[PDB]
Structure formats: structure tokens, C-alpha cells
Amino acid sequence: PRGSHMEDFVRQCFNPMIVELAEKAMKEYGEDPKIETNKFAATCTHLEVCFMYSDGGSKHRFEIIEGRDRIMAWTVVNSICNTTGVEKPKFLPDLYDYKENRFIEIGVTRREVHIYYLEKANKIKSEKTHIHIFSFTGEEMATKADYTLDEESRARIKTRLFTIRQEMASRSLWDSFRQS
């Protein structure tokens, strides 16, 4: 195959359960983790960030949409919309907040945080879908300046993102990863 250094780093940087879910998500979209290795790394990163995020709240706060099968992911969205009356989002969100009663779109970008959110806001164009963006530089940006979780839970996410960046840069892999 294509013995890429990025593929072997991804498999040692993320735990096997995350790597397996990212592989299933890329193949479900008809893409190869062995060839498009940058999206392989990004898919694993978005996955771990979403799971660290759901771990920050109370025991029953979040329903995790990301990481499920696409058909079942929309099934839980139906049950949430049909039991709480919240409008149906057009695009698949990542979580649902049972405390604040809204869906959450979590993004991870290598550019400045207001770039990615500005694109996500245009694409979403829903209504109450909360947007929370993280950067690889340590910045974050959320809708209405409402960051949902307290500072500690968001801080350890920022620390992990910068650790992944350092490990990539130490392997001469950060430059190509940033240009995508």
C-alpha cells in the first residue's frame, strides 16, 4: 500500500476505538484512510474532541450523535426532535445538550477560529444549533459566547490539540496537515 508516515502516526497517537470509528466513517463516505491521510488524522481528532466534550458535563447531559452509523445518527435526531420539539437540523450535529436544549456542532480547524465558524454558520443557517470551534493554537469560539462547559473541561481539550500539533511537527507532518 501507501506506507505513509502520517498513517502510522495516527494509529499510535489515537486509541484503537477512535481509529476504528474514523475508518468506518471514511469508508462510509467512499474515502481511503491509507491515501487521504490528512483527513484520516482530522477525522480522529474531531472524534476524540467530541468525546472529551461529552465527558465534561453531568452524567446525563449529552446525547452523542457523532460516532454512530449515519442511519442511526439521524434516528436519534428524530427521537430528540420528536420528544423535545426542537426544529430538525439540516446537517448532522455532534451532540445534543439536554440541559440547554439544543444541538451542538463541534469543529476543529487549523486556521483562525472565526474563519471556520463563519463558514459553519453559513452552511448551518438553522436556528438554535450551537456552534463551538476549537483551534490547534489554543483558541475557541462558541455561539453567543456561551461555551457550555466550564473552563477546565475546555482547557484540557486545548492542551490535547496542541500536543497533537507538537507530535506532528516533531515528525515533519504538521506542514502538510495545515495545508488542507
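All residue numbers refer to positions in the sequence shown, first residue = 1. Here, rigid core means the biggest group of C-alpha atoms that superpose within 1.5 Å across both forms.
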Worksheet entry | Positional deviation of Cα atoms in 6 other deposited structures of this protein after core superposition, greater for 118 to 126 or 39 to 47 | 118 to 126
Worksheet, complete the sentence: Going by the entry, of stretches 148 to 156 and 32 to 40 the one with greater average Cα B-factor is 32 to 40
Practice prompt. Would you mind finding, among 50, 113, 131, 65, the residue with the largest C-alpha temperature factor in the entry?
Written response: 113
Worksheet entry | Within-chain third of residue 141 by Cα B-factor, per the entry | lowest
Worksheet item: If you rank the chain by CA B-factor, which third does residue 120 end up in: lowest, middle or highest?
Response: highest
Practice prompt. Classify residue 13 as lowest, middle or highest third according to the C-alpha B-factor given in the PDB entry, relative to its own chain.
Written response: lowest
Discussion item. Splitting the chain's C-alpha B-factors into thirds, which one does residue 163 fall into?
Written reply: lowest
Discussion item. Sorting by Cα B-factor within the chain, modelled residues only, which third would residue 60 end up in: lowest, middle or highest?
Written reply: middle
